[PDB]
Student: 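Handing you a structure now.
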Amino acid sequence: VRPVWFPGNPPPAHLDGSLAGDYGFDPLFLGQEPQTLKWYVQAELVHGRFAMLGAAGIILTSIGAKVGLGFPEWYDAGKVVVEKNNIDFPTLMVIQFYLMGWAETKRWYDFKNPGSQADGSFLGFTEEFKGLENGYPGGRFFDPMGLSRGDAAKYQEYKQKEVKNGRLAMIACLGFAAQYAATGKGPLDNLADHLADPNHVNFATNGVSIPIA
Amino acid sequence: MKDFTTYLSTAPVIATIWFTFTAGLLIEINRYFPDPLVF
Amino acid sequence: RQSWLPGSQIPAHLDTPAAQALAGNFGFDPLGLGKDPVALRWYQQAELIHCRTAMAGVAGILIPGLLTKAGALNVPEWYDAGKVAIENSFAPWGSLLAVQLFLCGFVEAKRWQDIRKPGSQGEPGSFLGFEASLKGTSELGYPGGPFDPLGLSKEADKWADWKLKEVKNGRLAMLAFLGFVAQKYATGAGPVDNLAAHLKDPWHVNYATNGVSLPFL
Amino acid sequence: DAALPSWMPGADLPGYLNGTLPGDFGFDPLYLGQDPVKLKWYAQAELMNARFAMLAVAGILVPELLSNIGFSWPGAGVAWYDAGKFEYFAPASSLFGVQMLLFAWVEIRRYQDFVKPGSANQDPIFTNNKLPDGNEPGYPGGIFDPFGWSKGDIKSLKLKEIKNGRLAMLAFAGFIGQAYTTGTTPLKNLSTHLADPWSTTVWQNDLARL
Amino acid sequence: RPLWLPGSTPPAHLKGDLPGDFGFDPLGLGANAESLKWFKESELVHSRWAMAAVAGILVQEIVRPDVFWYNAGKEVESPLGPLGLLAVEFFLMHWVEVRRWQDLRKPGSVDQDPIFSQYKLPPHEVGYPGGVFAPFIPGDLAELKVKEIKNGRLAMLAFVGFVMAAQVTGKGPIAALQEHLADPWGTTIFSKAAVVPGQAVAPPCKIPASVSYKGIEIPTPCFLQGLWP
Ligand code: CLA
Ligand SMILES: CC1=C[C@H](O)CC(C)(C)[C@H]1/C=C/C(C)=C/C=C/C(C)=C/C=C/C=C(C)/C=C/C=C(C)/C=C/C1=C(C)C[C@H](O)CC1(C)C
Ligand SMILES: CC1=C[C@H](O)CC(C)(C)[C@H]1/C=C/C(C)=C/C=C/C(C)=C/C=C/C=C(C)/C=C/C=C(C)/C=C/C1=C(C)C[C@H](O)CC1(C)C
Ligand SMILES: CC1=C[C@H](O)CC(C)(C)[C@H]1/C=C/C(C)=C/C=C/C(C)=C/C=C/C=C(C)/C=C/C=C(C)/C=C/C1=C(C)C[C@H](O)CC1(C)C
């Protein structure tokens with residue numbers, strides 16, 4: 001009944017449309033098992049959120065680089081930041097791994113044991129780490145505006161918007177990597193070059209995508 | 001998927017993956033630490 | 001129930017009433033070395049001895065070292081104090097170690113026999129009348145008599161708290177000494193020197209920049 | 001959990017602080033006084049630290065106040081942190097040993113009365129001399145209160161004592177901080193700040209050294 | 001009942017009880033009760049701050065036309081040092097904000113004067129203290145509340161416009177109004193910039209990047225200059 005990825009084909013039995021952004025897309029049956037599907041749902045949500053942040057940051061920095069603001073490209077921002085400011089790269093790596101390890105370990109053990117991080121062993125906080133659903137950690141900290149604890153229909157609509165935007169952002173990040181590997185310039189530079197002449201400045205004329213061209 | 005994982009859990013597949021992992025670890029150790037004779 | 005990993009499955013051998021009576025029980029046993037109750041009791045004794053020895057050693061390294069930074073003392077580094085002390089000494093290190101081994105072996109053998117049989121050191125007519133005070137309390141590793149002269153263990157209300165302050169501190173000391181060794185093999189200076197060097201610039205003086213702890217970077 | 005004064009009007013104070021101790025305002029965000037025995041010990045610790053800090057602040061501020069006027073005596077220009085390396089009639093080591101023995105005697109007597117109230121009210125030498133039977137730990141009385149000031153409102157006076165003691169403890173901490181940062185005596189810092197408070201603050205002085 | 005869109009259905013959580021209720025919540029931020037209670041105070045405080053700020057900016061330009069409001073924090077010299085003023089403002093603002101926050105989380109708990117026991121605010125609602133804060137109330141309370149929230153929303157948009165006009169043209173509100181009134185067809189934002197798939201032109205940031213204030217080099221960048229149209 002619901003729209004699927006490939007029209008005419010029935011959706012798989014393990015995808016009944018309950019999850020957000022369900023289009024029956026699983027030809028390899030990777031998420032056929034329920035626990036594996038739950039783990040993959042959390043993985044897809046984390047991937048989409050990280051890709052959304054990365055895409056927004058890349059677009060903003062590219063916007064600042066195109067106008068005379070002095071911003072660097074996304075493929076040179078790390079070197080520019082580490083060299084412009086007296087910042088030690090291994091120290092930053094260790095700090096990020098410490099913070100990410102704490103947050104990810106708490107999320108992991110909450111996935112293994114739901115609601116286990118709400119006991120209060122972390123500075124006395126209880127309701128802020130209870131977790132609403134799998135991959136959707138509601139509370140006053142992660143959701144200070146309370147958009148997940150009011151107007152259930154709007155919450156489901158926002159869930160669909162989030163998963164679709166995350167998938168689009170993942171595709172956008174892959175496009176950024178491929179565009180830099182092929183053209184060698186920034187994403188907005190590619191967009192401007194395409195807008196200047198769309199019939200002759202594309203992937204069919206870059207000389208890398210189609211080798212027989 | 002359950003049957004596929006069970007097939008991957010069989011003795012030849014497990015032995016192949018384990019020996020590939022062990023061989024890769026020894027090869028990488030000898031690559032980053034060439035010619036180790038004594039401790 | 002305090003746990004070393006919120007959400008992790010605490011082992012069954014660490015949830016029994018006998019194991020829960022031990023101080024500092026946080027359900028930390030991933031290797032399962034304490035599954036056997038006899039092994040758990042032996043390891044508890046080993047942990048208590050390690051805690052007390054590490055606390056004494058780390059105190060003897062940190063307090064004189066901290067006083068040496070100021071003008072209170074002039075004690076050399078812990079990794080060099082042995083040579084300095086044996087230079088202007090009355091005995092070589094071998095003779096001193098032999099006397100130490102004999103004196104330590106006597107008390108360690110008595111403690112071992114008490115571990116094998118609790119209260120067995122109170123055999124009448126065996127230690128010139130001092131055997132009456134050599135009987136430990138009801139808890140292994142916590143004797144009274146000559147030990148604990150202030151009698152702070154007679155009050156039960158604080159007893160459970162006191163033990164919690166002894167194991168935890170000891171565990172911290174056990175890590176401290178370990179750091180004292182690693183830092184010695186990574187910076188070549190003393191612990192107070194490493195602390196001051198890190199406090200001067202923590203964003204650039206740490207284990208990520210010593211060139212030893214991160215050989216791949 | 002009553003109409004007693006609070007350190008945060010409206011906040012939910014803990015229930016173990018019911019106003020029995022003097023100066024109870026429900027201030028315990030770290031919950032250090034949850035254990036009744038620990039709270040009983042901390043009350044005596046606060047009283048002793050408060051009285052010693054009061055004596056210290058008085059002994060730090062009075063010599064500097066008398067030094068700034070025409071009053072003169074042998075130790076006048078010496079600072080409170082420089083009084084240790086001063087020439088006295090006896091060496092510092094001898095005075096330290098004498099005071100350690102005397103304080104050992106009085107502190108063991110105080111501890112004996114703390115673990116057992118009324119068990120140290122009797123003078124060991126003169127059997128006739130003794131303290132009154134009605135007594136509480138930390139409040140000896142008797143010869144320690146020859147003027148009989150405790151015969152009046154003991155609650156209000158105890159509140160005044162704990163408040164002045166807390167203020168003096170913070171003052172001594174400030175003395176240490178000011179001596180470590182400015183490297184000058186506290187009254188000189190007060191005069192410097194009173195000369196122009198808009199340009200002499202902790203932020204300005206600490207930013208000038210950054 | 002007036003609405004922000006005549007003929008539309010207002011949200012379920014907006015029943016028209018709060019003042020200034022016009023059924024405007026497309027994102028559903030006020031669906032939660034606690035969130036709405038917090039946002040109501042946030043809107044009231046924002047409204048009052050913006051009203052006072054806009055009135056102050058207008059009076060500042062009228063009284064002192066030679067002093068730019070955007071530069072008011074730099075070209076103002078007082079015998080009281082900047083750090084001293086910052087400390088005074090920090091302590092006073094901290095005291096009043098903690099009292100207001102406690103009244104929000106615990107209604108009817110900080111209405112008593114801590115210095116004088118004979119002064120106490122009468123019972124009221126969160127965000128509307130009254131008592132000594134309202135010595136004169138001419139007219140109905142609900143009508144005046146609606147007037148206050150409407151004027152506050154207008155002042156909030158006005159302050160945002162003040163900041164944007166000062167960053168784009170480098171002039172004050174009255175100066176920008178006179179400049180626009182002189183040439184209305186060539187002074188709007190559409191006349192200053194335009195974006196097309198082949199070219200993107202934006203107005204230059206009139207505010208300098210760095211400002212020297214007693215040898216400290218305070219950075220003063222235009223708000224989101226890269227995203228400017
Ligand atoms: C009895 C508390 C007390 C008092 C009255 C003072 C007073 C003073 N301090 Mg000080 N200070 C204190 C505690 C105190 N301090 C403590 C606990 C510390 C941490 C160790 C410091 C650390 C400190 C530094 C580093 C400096 C001062 C400095 C100063 C002087 C001026 C600038 C200033 O006020 O900085 C700010 C003071 C504070 C931030 C302390 C916090 C406020 C305390 C807790 C009092 C609480 C207020 C309370 C309602 C009582 C009001 C006063 C009352 C007697 C009427 C000034 C005369 C400066 C100086 O020496 O001038 C040259 C200086 O640089 N103080
Ligand atoms: C479903 C399925 C199943 C069936 O059965 C089969 C198949 C078909 C196979 C499938 C499919 C799959 C897929 C498609 C996948 C993909 C994914 C992705 C793309 C991801 C990304 C993902 C992505 C991501 C996360 C990303 C992120 C990003 C980021 C962070 C960034 C960052 C940054 C920035 C800002 C800038 C600077 O300067 C630099 C950096 C640092 C660089
Ligand atoms: C629990 C568990 C179980 C699970 O299942 C698994 C696992 C993970 C394996 C685990 C863990 C473990 C661990 C961590 C361990 C460690 C230990 C230690 C560190 C010890 C030390 C320990 C340590 C110690 C005793 C130490 C001691 C020290 C000393 C005496 C010192 C001495 C000295 C001094 C004074 C000075 C001089 O000049 C020098 C000297 C002569 C040098
Ligand atoms: C409480 C009380 C009570 C008692 O009993 C009495 C008393 C004392 C009287 C009191 C007080 C009161 C108050 C404070 C008031 C105030 C108000 C305000 C300020 C308003 C404003 C309000 C304000 C507002 C709306 C504003 C508006 C504005 C605007 C639109 C602007 C516009 C513009 C712009 C953009 C720019 C350009 O270039 C110019 C223009 C075009 C011009």
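Note on naming: letters A, B, ... go to the chains in the order of the sequence lines (proteins, then strands), and numbering restarts at 1 for each one. Heavy atoms only: backbone and side chains are in, while hydrogens, waters and symmetry mates are out.
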Student: Just wondering, are more than 12 heavy atoms of other shown residues or ligands nearer than 6.0 Å to CD1 in D/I143?
Tutor: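 Not more than 12 within 6.0 Å, no.
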Student: Contact between D/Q112 and D/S119 at the side-chain level, heavy atoms closer than 4.5 Å - yes or no?
Tutor: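 D/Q112 reaches D/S119 side chain to side chain.
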Student: For atom CZ of A/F122, is the number of surrounding heavy atoms from other residues, nucleotides or ligands below 6.0 Å larger than 12?
Tutor: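 Count over threshold, so yes.
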Student: I need the C/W162 CH2 to C/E166 CD distance, nearest 0.5 Å.
Tutor: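 So the gap between those two atoms works out to 10.5 Å.
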Student: May I ask you to check whether C/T68 and C/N74 show a side-chain donor-acceptor distance below 3.5 Å?
Tutor: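 Not at all, the side chains of C/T68 and C/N74 share no donor-acceptor pair under 3.5 Å.
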Student: If you measure from CG on C/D36 to CG on C/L40, what distance do you get to the nearest 0.5 Å?
Tutor: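 That separation rounds to 8.5 Å.
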Student: Any idea which heavy atoms bring D/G138 and D/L47 closest together, and the distance?
Tutor: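 Closest approach of D/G138 to D/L47: O-CD2, 3.4 Å.
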Student: Is C/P215 close to B/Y32 at the side-chain level, that is, under 4.5 Å between some pair of heavy atoms?
Tutor: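 B/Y32 vs C/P215: side chains apart.
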Student: Do the side chain of A/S116 and the main chain of A/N113 share a donor and acceptor less than 3.5 angstrom apart?
Tutor: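 The answer is yes, because a donor-acceptor pair under 3.5 Å joins these two groups.
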Student: Can C/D114 and C/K117 be said to form a salt bridge (charged side-chain N to carboxylate O under 4.0 Å, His left out), step by step?
Tutor: CA-CA 5 Å; C/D114 179 79; C/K117 291 167 80 182; over 6 Å; no
Student: Taking atom types as modelled, find out whether C/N206 and C/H198 have a side-chain donor-acceptor pair closer than 3.5 angstrom.
Tutor: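 Judged by distance alone, the side chains do not pair up.
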Student: Checking D/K116 against D/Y111: charged group under 6.0 Å from the ring centre and within 45 degrees of the axis?
Tutor: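 Not flagged: D/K116 not positioned over aromatic ring of D/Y111.
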Student: Of all the heavy-atom pairs spanning C/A208 and A/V94, show the shortest one and how long it is.
Tutor: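 Heavy atoms of C/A208 and A/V94 come nearest at CB-CG2, 4.2 Å.
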Student: Measure the acute angle between the ring planes of D/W41 and D/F114, then classify it against the limits of 30° and 60° as parallel, tilted or perpendicular.
Tutor: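 Perpendicular.
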Student: Determine whether C/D161 and C/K165 satisfy the following criterion, salt bridge (charged side-chain N to carboxylate O under 4.0 Å, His left out), listing intermediate values before the conclusion.
Tutor: CA-CA 6 Å; C/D161 196 71; C/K165 299 177 156 168; 3.4 Å; yes
Student: What's the separation between atom CG in C/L48 and atom CG in C/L140, rounded to the nearest 0.5 Å?
Tutor: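 Nearest 0.5 Å value for the CG-CG distance: 8.5 Å.
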Student: D/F52 vs D/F172, test: side-chain contact (heavy atoms from CB on, under 4.5 Å). Steps then yes/no.
Tutor: CA-CA 10 Å; D/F52 270 124; D/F172 192 73; over 6 Å; no
Student: Using side-chain contact (heavy atoms from CB on, under 4.5 Å), reason through D/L32 and D/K38 one step at a time and then give a plain yes or no.
Tutor: CA-CA 8 Å; D/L32 308 181; D/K38 282 186 161 172; over 6 Å; no
Student: For D/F96, is the CZ atom crowded, meaning more than 12 foreign heavy atoms sit under 6.0 Å from it?
Tutor: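 At most 12 heavy atoms, drawn from other residues, nucleotides or ligands, come within 6.0 Å of this atom.
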Student: Answer yes if the ring centres of C/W4 and C/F28 are under 6.0 angstrom apart, and no otherwise.
Tutor: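 They qualify: ring centres under 6.0 Å apart.
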Student: Measure the shortest side-chain to side-chain distance between D/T184 and D/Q178 over non-hydrogen atoms and say whether it is less than 4.5 angstrom.
Tutor: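 Side-chain contact under 4.5 Å: no.
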Student: Checking D/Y16 against D/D28: is there a side-chain donor and acceptor pair closer than 3.5 Å?
Tutor: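 Distance-only check passes for D/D28 and D/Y16.
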Student: I'd like to know whether CZ of C/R116 has more than 12 heavy-atom contacts from other residues, nucleotides or ligands below 6.0 angstrom.
Tutor: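 Counting other residues, nucleotides and ligands, CZ of C/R116 stays at 12 neighbours or fewer.
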Student: A quick test of your reading: do over 12 heavy atoms of other residues, nucleotides or ligands sit less than 6.0 Å from CD of D/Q99?
Tutor: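 Above 12, so yes.
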Student: NZ of C/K83 to CD of C/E77: how many Å apart, nearest 0.5 Å?
Tutor: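 Answer for the NZ-CD pair, C/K83 versus C/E77, is 13.5 Å.
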Student: Regarding C/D193 and C/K69, does a basic nitrogen lie under 4.0 Å from an acidic carboxylate oxygen?
Tutor: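 No, C/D193 and C/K69 are not salt-bridged.
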Student: Of all the heavy-atom pairs spanning C/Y79 and C/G190, show the shortest one and how long it is.
Tutor: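 Nearest pair, atom of C/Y79 first, then C/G190: OH-N, 3.4 Å.
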Student: Could you tell me whether a side-chain N or O of C/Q2 sits under 3.5 Å from a main-chain N or O of C/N25, the two making a donor and an acceptor?
Tutor: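 No, C/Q2 side chain to C/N25 backbone: no donor-acceptor pair under 3.5 Å.
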Student: Mind listing the side-chain donor-acceptor pairs of residues 88-107 of chain C below 3.5 Å, one per line with the distance, residues two or more places apart or on another chain?
Tutor:
none

Student: Check whether more than 12 heavy atoms from other residues, nucleotides or ligands sit under 6.0 Å from atom OH of D/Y81, and answer yes or no.
Tutor: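 Atom OH in D/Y81 is packed in, count exceeds 12.
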Student: Sub-3.5 Å donor-acceptor pair from the side chain of C/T209 to the main-chain atoms of C/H204, do we have one?
Tutor: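 Between the backbone of C/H204 and the side chain of C/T209 there is a qualifying donor-acceptor contact (under 3.5 Å).
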Student: Check whether any side-chain heavy atom of A/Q117 sits under 4.5 Å from a side-chain heavy atom of A/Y109, and report yes or no.
Tutor: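 Touching, per the 4.5 Å side-chain cut-off.
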Student: Distance from D/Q44 atom CD to D/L39 atom CG, nearest 0.5 Å?
Tutor: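 Rounded to the nearest 0.5 Å, the CD-CG separation comes out at 10.5 Å.
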Student: Do A/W108 and A/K112 have side chains that approach each other closer than 4.5 Å (heavy atoms only, starting at C-beta)?
Tutor: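 Heavy-atom side-chain distance check passes, below 4.5 Å.
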Student: Would you say the side chain of C/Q20 lies within less than 4.5 Å of the side chain of C/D15, judging by non-hydrogen atoms?
Tutor: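 Heavy-atom side-chain distance check passes, below 4.5 Å.
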Student: To the nearest 0.5 Å, what is the distance between CE on C/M174 and CD on C/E47?
Tutor: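 Atom-to-atom, C/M174:CE and C/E47:CD are 5.5 Å apart.
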Student: Does C/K168 make a cation-pi contact with C/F26 (under 6.0 Å, within 45 degrees of the axis)?
Tutor: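 The answer is no, since C/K168 fails at least one limit relative to C/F26.
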Student: Counting N and O atoms only, with roles assigned by atom type, does the side chain of C/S8 sit under 3.5 Å from a partner on the main chain of C/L5, one being a donor and the other an acceptor?
Tutor: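 Yes; at least one donor-acceptor contact below 3.5 Å.
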Student: In the structure I gave you, are the side-chain heavy atoms of C/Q121 and C/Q113 within less than 4.5 Å of one another anywhere?
Tutor: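 C/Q121 reaches C/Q113 side chain to side chain.
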Student: Using side-chain contact (heavy atoms from CB on, under 4.5 Å), reason through C/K35 and C/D29 one step at a time and then give a plain yes or no.
Tutor: CA-CA 9 Å; C/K35 272 158 193 149; C/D29 201 9; 5.7 Å; no
Student: Please answer whether the main-chain N or O of C/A197 pairs with a side-chain N or O of C/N194 as donor and acceptor at a distance below 3.5 Å.
Tutor: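 Not a single qualifying donor-acceptor pair exists.
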Student: Between C/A186 and C/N210, what is the shortest heavy-atom contact and its length?
Tutor: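 Closest pair (atom of C/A186, atom of C/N210, distance): CB-ND2, 3.5 Å.
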Student: Would C/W159 and C/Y142 count as a side-chain contact (heavy atoms from CB on, under 4.5 Å) here? Give the steps.
Tutor: CA-CA 11 Å; C/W159 178 237; C/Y142 301 97; 3.7 Å; yes
Student: Does the ring centre of D/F86 sit less than 6.0 Å away from the ring centre of D/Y88?
Tutor: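 They qualify: ring centres under 6.0 Å apart.
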Student: Counting C-beta onward and ignoring hydrogens, is there a side-chain heavy-atom pair between C/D201 and C/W203 closer than 4.5 Å?
Tutor: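 Heavy-atom side-chain distance check passes, below 4.5 Å.
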